[PDB]
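Got a structure here, written out as C-alpha cells. Questions coming.
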Amino acid sequence: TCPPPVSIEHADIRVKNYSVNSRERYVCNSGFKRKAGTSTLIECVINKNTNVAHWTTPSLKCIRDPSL
Amino acid sequence: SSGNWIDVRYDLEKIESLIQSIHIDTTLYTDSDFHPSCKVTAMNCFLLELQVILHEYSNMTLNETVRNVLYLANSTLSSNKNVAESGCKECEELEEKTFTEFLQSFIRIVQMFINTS
C-alpha cells in the first residue's frame, strides 16, 4: 500500500484507496483554482523490484480564483 | 497556416478514436464560447491543458499524439504570429468539461483557425 500523500499548498485530499493502481485527486481549497496545465492526480504505483509502492509526483498548483 | 492546422485537427480526431478504448477521468478547462477577438488566448488554453493528459496517462500512442499536436500548434502560433489580445478571460475561469467535450470544442476552434487561415 501507499503511504500518506504529500500536502499541496491551498489544496486538500481525502484518499479513498491506498492500494496499488489507485487514482486519487487533490481538491483546491475554496477561493483557489487548479492552474491550467497542472494536474490534481496522483496514482499509487508499485516498484516491483522492491515491493514498495509510492504516489506519483503531483504537478498540481492551486492559484487564486481569477474570478475573485 | 491552414495546412498546419489541418494536421493538428487530424491528430485531435485520432485522439478521439484512441480514447474510445481508454478510461479517461480527466476534466479540463473548456472554452466552447471562443471568439475571434480572443481566439489565440483560447487556443493557448486548449494547448496548455493538454499537458495535463501527458501527466495523467502513460498510454504510448496517446502521449506521442498529444505531444505531436503541441509541437505543431506551438510552432504555428510561433511562426505565423499576430497581434496581442485584451479583455480575454484567464483559463482558470472557464468551466471544466470531460475530455471528450474538451476535444470536441478543441476541434471546433482549430476548424475556425483553418477557415480563416
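Residues displayed in chain A correspond, in order, to Swiss-Prot positions 35-102.
If you're wondering, the header gives X-ray crystallography, 2.2 Å.
Using N, Cα and C of the backbone, Cβ positions are placed for all residues, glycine too.
Features from Swiss-Prot:
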DISULFID  A:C36-A:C78  disulfide bond
CARBOHYD  A:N51  N-linked glycosylation site
DISULFID  A:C62-A:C96  disulfide bond
Do you see any of the recorded positions A:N51, A:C62, A:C96 whose C-alpha is within 10 Å of A:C36 (disulfide bond), and which ones?
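Near A:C36 (disulfide bond) by Cα: A:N51.
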Please list residues from the chain of the residue listed as 'N-linked glycosylation site' whose Cβ is under 8 angstroms from its Cβ, counting only those at least six apart in sequence.
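Residues satisfying the criterion: A:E58, A:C78.
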Please give me the CB contact count at 10 A for A:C36 (disulfide bond), counting all chains in the structure.
21
